[PDB]
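Reading through the structure tokens given below for one structure.
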Amino acid sequence: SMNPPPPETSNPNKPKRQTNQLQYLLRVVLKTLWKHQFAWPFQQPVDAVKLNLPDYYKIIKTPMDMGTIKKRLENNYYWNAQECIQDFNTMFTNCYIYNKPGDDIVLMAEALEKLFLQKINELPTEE
Ligand SMILES: O=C1NC(=O)C(c2cccc(Cl)c2)=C1Nc1ccc(O)c(Cl)c1
């Protein structure tokens, strides 16, 4: 079982914005999660070949990862904050769908998600 193409991070005809909320999602949210000791499994698309997870992309039909999110934020791919928040939530949910409760990777996702929730709680009002 092979890897799919990664999610796109560039699409010139998709309209985009740089908003204060999106800036916060990069400068505070992504940066906080990216530097965490448990970030590493989430910094790039899951390589199902190297990890010997041939069923991964049979089960996970909407892959997402922080490498992709980082590129989307840096390349101003998004129209609004909700699109980016959805990407983080997709990433966490994929982990919980694929893995078993208590697995290391689930504990890692939970630690990142707790921080994510704390930061999104203080998402600034749109300017
Ligand atoms: O990119 C990766 N390199 C690794 O060794 C892993 C990985 C695989 C199994 C357990 C743990 Cl804690 C990490 C990655 N990421 C990953 C990210 C989410 C997942 O659900 C799974 Cl199974 C793996």
Side-chain angles (χ1 to χ4, degrees):
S1 240
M2 309 146 51
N3 291 315
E8 61 175 34
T9 60
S10 168
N11 185 337
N13 281 334
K14 176 183 188 298
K16 34 198 66 95
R17 296 189 300 177
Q18 199 172 238
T19 72
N20 67 308
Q21 291 184 333
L22 283 162
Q23 292 168 346
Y24 179 92
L25 278 159
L26 176 60
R27 188 188 347 96
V28 174
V29 180
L30 184 284
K31 185 178 172 270
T32 293
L33 271 59
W34 190 267
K35 72 187 186 188
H36 194 279
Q37 66 180 356
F38 294 161
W40 62 269
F42 302 103
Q43 287 176 329
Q44 60 287 308
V46 171
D47 184 340
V49 178
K50 197 175 300 302
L51 299 174
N52 190 22
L53 303 176
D55 64 338
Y56 188 80
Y57 289 109
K58 177 53 58 173
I59 294 163
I60 299 302
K61 300 305 199 187
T62 308
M64 189 49 58
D65 66 281
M66 298 199 294
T68 299
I69 294 170
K70 183 174 180 289
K71 284 180 190 74
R72 288 180 172 193
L73 285 167
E74 289 167 346
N75 291 100
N76 305 297
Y77 176 83
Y78 298 113
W79 186 257
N80 63 33
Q82 180 178 27
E83 284 180 282
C84 177
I85 290 169
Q86 177 61 70
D87 283 346
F88 279 103
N89 282 320
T90 294
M91 178 182 217
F92 299 127
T93 296
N94 289 345
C95 183
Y96 307 146
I97 288 171
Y98 185 74
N99 296 285
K100 285 303 189 72
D103 287 341
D104 280 344
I105 189 74
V106 172
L107 296 175
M108 295 167 93
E110 287 176 348
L112 299 175
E113 189 182 16
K114 175 177 185 182
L115 281 32
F116 173 76
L117 287 161
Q118 292 173 308
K119 299 310 180 185
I120 293 301
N121 181 53
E122 299 195 48
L123 191 69
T125 295
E126 179 149 37
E127 289 174 359

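Reckoned from all heavy atoms, side chains included, excluding hydrogens, waters and symmetry mates. The chain is numbered in sequence order, starting from 1.
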Approximate separation, where rounding is to 0.5 Å, of [X] [atom1] and [Y] [atom2]:
| X | Y | atom1 | atom2 | answer |
| --- | --- | --- | --- | --- |
| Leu30 | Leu22 | CG | CG | 11.5 Å |
| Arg27 | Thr32 | CZ | OG1 | 10.5 Å |
| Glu110 | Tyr96 | CD | OH | 5.0 Å |
| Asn99 | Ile59 | CG | CD1 | 9.5 Å |
| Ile69 | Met91 | CD1 | CE | 6.0 Å |
| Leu25 | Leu123 | CG | CG | 6.0 Å |

So [Y] and [X], do their side chains get closer than 4.5 Å, heavy atoms only?
| X | Y | value |
| --- | --- | --- |
| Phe88 | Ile120 | no |
| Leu73 | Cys84 | yes |
| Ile97 | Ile60 | yes |
| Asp65 | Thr68 | yes |
| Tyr57 | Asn3 | yes |
| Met108 | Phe42 | yes |
| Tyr78 | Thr19 | no |
| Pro101 | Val106 | no |

What heavy-atom pair brings [X] and [Y] nearest, and what distance separates the two atoms?
| X | Y | result |
| --- | --- | --- |
| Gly67 | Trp34 | N-CZ3, 3.8 Å |
| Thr125 | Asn20 | O-ND2, 3.0 Å |
| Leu112 | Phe38 | CD1-O, 3.8 Å |
| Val49 | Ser1 | CG2-O, 3.5 Å |
| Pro41 | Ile105 | CB-CD1, 3.4 Å |
| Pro124 | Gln21 | O-NE2, 2.8 Å |

request  = Identify, with sequence neighbours excluded, every residue that meets salt bridge (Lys or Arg N to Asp or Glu O under 4.0 Å) alongside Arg17.
outcome  =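 Salt bridge (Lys or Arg N to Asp or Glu O under 4.0 Å) check on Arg17 returns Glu126.
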request  = Return yes if some donor-acceptor pair links the side-chain N/O of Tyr56 with the main-chain N/O of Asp47 below 3.5 Å, else return no.
outcome  =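 The answer is no, because no donor-acceptor pair under 3.5 Å joins these two groups.
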Should [X] and [Y] be regarded as members of a common hydrophobic cluster, given that ILVMFWY residues are connected when their side-chain heavy atoms come within less than 4.5 Å of each other, either directly or indirectly?
| X | Y | result |
| --- | --- | --- |
| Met66 | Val28 | yes |
| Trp79 | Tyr24 | no |
| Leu107 | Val46 | no |

inquiry  = Suppose the criterion is salt bridge (charged side-chain N to carboxylate O under 4.0 Å, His left out): which pairs have a residue in residues 83-108, not counting sequence neighbours?
reply    =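 As it turns out, the salt bridge (charged side-chain N to carboxylate O under 4.0 Å, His left out) pairs with a partner in residues 83-108, which skip direct neighbours, are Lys14-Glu83, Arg72-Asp87.
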Side chain to side chain contact (heavy atoms under 4.5 Å, CB included) assessment of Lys71 paired with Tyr77 = CA-CA 8 Å; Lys71 284 180 190 74; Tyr77 176 83; over 6 Å; no
inquiry  = Within the supplied structure, the quantity of interest is the number of heavy atoms (other residues, nucleotides, ligands) at a distance under 6.0 Å from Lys58 NZ; does it exceed 12?
reply    =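 Open.
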key: Heavy atoms of other groups near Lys119 NZ, more than 12 under 6.0 Å   = no
ask   = Stepwise, does the ring pair (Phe, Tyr, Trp, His ring centres under 6.0 Å) test hold for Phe116 with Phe92?
value = CA-CA 10 Å; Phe116 173 76; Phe92 299 127; 5.6 Å; yes
request  = Taking only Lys NZ, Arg NE, NH1 and NH2, and the carboxylate oxygens of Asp or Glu, determine whether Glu74 and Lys70 approach each other closer than 4.0 Å.
outcome  = yes
ask   = Would you say the side-chain atoms of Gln118 and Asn121 include a donor-acceptor pair closer than 3.5 Å?
value =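 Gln118 vs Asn121: no donor-acceptor pair found between side chains.
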